[PDB]
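Everything on this sheet refers to the single structure shown next.
Number of protein chains: 4
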Amino acid sequence: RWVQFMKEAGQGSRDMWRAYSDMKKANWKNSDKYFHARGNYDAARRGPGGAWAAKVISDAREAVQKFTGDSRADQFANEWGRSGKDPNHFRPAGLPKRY
Amino acid sequence: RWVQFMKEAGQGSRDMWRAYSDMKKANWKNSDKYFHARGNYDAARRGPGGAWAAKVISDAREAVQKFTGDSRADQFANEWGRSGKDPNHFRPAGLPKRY
Amino acid sequence: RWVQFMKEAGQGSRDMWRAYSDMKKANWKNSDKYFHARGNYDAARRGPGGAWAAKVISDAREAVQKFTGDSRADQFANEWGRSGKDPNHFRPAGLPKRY
Amino acid sequence: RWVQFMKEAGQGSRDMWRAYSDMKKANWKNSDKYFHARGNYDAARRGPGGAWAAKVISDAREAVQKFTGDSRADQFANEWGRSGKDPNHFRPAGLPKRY
Numbered sequence: 020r021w022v023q024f025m026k027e028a029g030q031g032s033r034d035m036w037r038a039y040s041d042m043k044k045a046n047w048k049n050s051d052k053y054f055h056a057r058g059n060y061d062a063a064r065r066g067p068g069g070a071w072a073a074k075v076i077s078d079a080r081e082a083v084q085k086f087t088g093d094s095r096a097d098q099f100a101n102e103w104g105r106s107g108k109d110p111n112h113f114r115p116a117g118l119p120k121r122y
Numbered sequence: 020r021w022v023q024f025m026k027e028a029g030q031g032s033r034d035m036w037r038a039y040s041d042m043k044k045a046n047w048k049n050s051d052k053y054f055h056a057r058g059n060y061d062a063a064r065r066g067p068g069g070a071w072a073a074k075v076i077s078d079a080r081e082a083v084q085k086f087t088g093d094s095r096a097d098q099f100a101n102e103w104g105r106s107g108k109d110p111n112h113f114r115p116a117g118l119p120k121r122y
Numbered sequence: 020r021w022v023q024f025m026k027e028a029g030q031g032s033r034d035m036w037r038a039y040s041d042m043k044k045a046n047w048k049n050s051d052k053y054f055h056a057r058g059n060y061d062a063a064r065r066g067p068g069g070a071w072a073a074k075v076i077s078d079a080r081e082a083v084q085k086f087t088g093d094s095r096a097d098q099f100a101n102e103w104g105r106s107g108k109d110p111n112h113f114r115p116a117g118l119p120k121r122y
Numbered sequence: 020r021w022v023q024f025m026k027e028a029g030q031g032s033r034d035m036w037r038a039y040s041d042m043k044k045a046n047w048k049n050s051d052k053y054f055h056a057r058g059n060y061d062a063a064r065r066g067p068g069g070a071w072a073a074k075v076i077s078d079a080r081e082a083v084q085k086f087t088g093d094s095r096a097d098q099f100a101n102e103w104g105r106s107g108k109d110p111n112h113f114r115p116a117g118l119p120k121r122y
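First to last, the sequence lines map onto chains B, A, B' and A'. A prime marks a further copy of an entry chain. Under PDB author numbering, the letters of the first sequence match residues 20 to 88, 93 to 122, in that order. Under PDB author numbering, the letters of the second sequence match residues 20 to 88, 93 to 122, in that order. Under PDB author numbering, the letters of the third sequence match residues 20 to 88, 93 to 122, in that order. Under PDB author numbering, the letters of the fourth sequence match residues 20 to 88, 93 to 122, in that order.
This is how it looks when you write it as structure tokens:
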């Protein structure tokens with residue numbers, strides 16, 4: 020169903036935004052890989068529409084960052104999460120458990 | 020701002036959704052090109068995030084269309104609208120004026 | 020069929036390359052829109068795989084050009104051609120008939 | 020060079036194709052992740068055009084997989104390979120050494 024796909028995409032996009040926002044709040048050493056994986060994991064957890072949303076938002080973020088005023096590691100972390108593997112694989116010591 | 024981008028992308032996504040539900044509600048002959056153009060035009064007016072959102076949602080919709088036996096014509100209508108040209112170029116006679 | 024899709028993509032990608040090459044040879048005033056439309060038209064003429072190839076190569080070219088050391096017009100011309108409309112719509116007066 | 024990019028993309032596309040036909044010829048149990056990883060690794064070694072080609076072909080293949088009732096696992100294997108990690112991490116016991 021198209022409607023269900025679009026619903027999941029909307030939920031997933033909010034998950035990706037929550038990952039961004041948390042990353043900015045945490046302001047933490049060597050956590051970028053974790054939040055990349057967490058955003059994608061959360062979003063794909065919604066279903067195909069969420070996983071689709073994770074993928075295109077991920078690629079846009081990567082693009083804009085190469086429009087800069093370790094991409095391969097970022098994309099690896101994105102897909103680690105998007106495929107359902109535990110984002111805490113990349114968790115740095117000390118990162119508050121709220122994240 | 021990335022924030023601004025995601026915000027516009029959120030607005031554009033709602034614009035696209037509005038186009039889909041309007042098309043289904045209208046249930047009008049040969050109206051797909053109009054609603055494709057209209058959703059893309061509404062989305063792109065929100066700004067760059069809006070046009071980006073309209074572009075990726077458009078491509079996901081094309082994929083669906085091709086997998087269910093005119094996606095080429097609708098993608099042309101998508102771009103027409105996204106580029107800021109009048110969606111009413113594609114308006115079929117009799118389509119209710121609220122749409 | 021996946022094989023047929025991949026075959027068309029290969030043919031289409033050679034068409035897009037032929038459009039680029041011709042554009043560089045022609046070195047002509049205000050022909051960029053024409054070659055954009057012609058590359059995409061030729062490639063989509065091969066079938067879905069060709070049209071798919073036209074789309075992703077088009078977006079890569081646009082990207083790299085925004086990585087610069093009228094995008095919307097370019098993309099409009101791309102989709103004009105990709106949808107099967109005559110690329111000579113954008114032909115500038117004088118352009119050699121080989122192109 | 021854009022030329023260099025398209026050249027590497029052509030090489031990468033052949034690498035990906037080699038992976039598909041090898042997978043079909045091998046006809047081996049639980050081997051999809053290996054061949055996904057391998058095709059992406061071969062392609063990305065060609066350079067940026069090669070990695071780009073592997074990325075868009077990978078996404079077109081994911082779409083097909085989802086439309087025919093593990094695409095998530097294969098996309099992870101895609102990224103593993105594309106990032107330069109050893110494809111043989113996914114190698115199933117007994118897969119002929121020529122592959």
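Note that the Cβ used here is the ideal one computed from N, Cα and C, for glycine as well.
(request) Output the distance between the C-alpha atoms of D51/B and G31/A, rounded to the nearest integer angstrom. (result) Taking the straight line joining both Cα atoms gives about 27 Å.
(request) Compare the C-beta of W47/B' against all C-beta atoms of chain A' and say whether one is closer than 7 Å. (result) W47/B' does not count as touching chain A'.
(message) What would DSSP say about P115/B, mapped onto helix, strand or coil?
(response) Assignment of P115/B by DSSP, reduced to helix, strand and coil, places it in the coil class.
(message) Measuring CB atoms only, is the region 40 to 56 of chain B' touching the region 45 to 63 of chain A', in the sense that at least three cross pairs come out at less than 8 Å?
(response) Contact between the region 40 to 56 of chain B' and the region 45 to 63 of chain A' is absent: fewer than three C-beta pairs spanning the two stretches fall below 8 Å.
(request) Kindly indicate which three-state DSSP category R33/A falls into: helix, strand or coil? (result) Helix.
(request) Look at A70/B and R105/B and say whether their C-beta atoms are less than 7 Å apart. (result) Yes; because the gap between Cβ atoms is below 7 Å, this pair is in contact.
(request) Answer with yes or no whether the minimum CB distance from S106/A' to chain B is below 7 Å. (result) Yes, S106/A' counts as interfacial toward chain B.
(message) Here's a check: name, in chain order, each residue in its chain whose Cβ is nearer than 8 Å to the Cβ of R20/A, leaving out the five neighbours to either side.
(response) Shown here for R20/A: not one same chain residue has a beta carbon closer than 8 Å to its own, the five before and five after excluded.
(request) Show which residues of chain B' have a CB atom less than 7 Å away from the CB atom of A96/A. (result) Correct list: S106.
(message) I want to verify the contact list: residues of chain B whose CB lies under 8 Å from the CB of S77/A, in sequence order.
(response) Under the 8 Å cutoff, chain B gives no residues; its nearest Cβ is about 11 Å from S77/A.
(request) Could you work out which residue in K48/B', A28/B', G29/B', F24/B' is closest to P119/B' when comparing CA atoms only? (result) The shortest Cα separation from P119/B' among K48/B', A28/B', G29/B', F24/B' belongs to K48/B'.
(message) Using the Cβ count rule (16 or more neighbours within 10 Å means buried), how would you classify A96/B'?
(response) Label assigned to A96/B': exposed.
(request) Can you tell me which of the three DSSP states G107/A falls into? (result) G107/A: coil per DSSP, three-state reduction.
(message) For a quick check, are the C-beta atoms of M35/B and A79/B less than 7 Å apart?
(response) No, the pair does not count as a contact, with Cβ atoms beyond the cut-off.
(message) Is it buried or exposed, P110/B', if we count other Cβ atoms within 10 angstroms and call 16 or more buried?
(response) By the neighbour-count rule (16 or more Cβ atoms within 10 Å), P110/B' is buried.
(message) By the three-class DSSP mapping on this structure, what secondary structure does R57/A have?
(response) DSSP places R57/A in helix when its eight states are reduced to three.
(request) Under the assumption that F24/A' contacts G68/A' (Cβ atoms under 8 Å), give the Cβ distance between them as a whole number of angstroms. (result) Rounded to whole angstroms, the Cβ separation of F24/A' and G68/A' is 4 Å, and the two are in contact under 8 Å.
(message) Quick check on this structure: which residue in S40/A', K26/A', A28/A' has the alpha carbon closest to the alpha carbon of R121/A'?
(response) In this structure, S40/A' is the residue among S40/A', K26/A', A28/A' with its C-alpha nearest to the C-alpha of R121/A'.
(request) Establish whether the CB of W36/B and some CB of chain A are separated by less than 7 Å. (result) So, interface residue.
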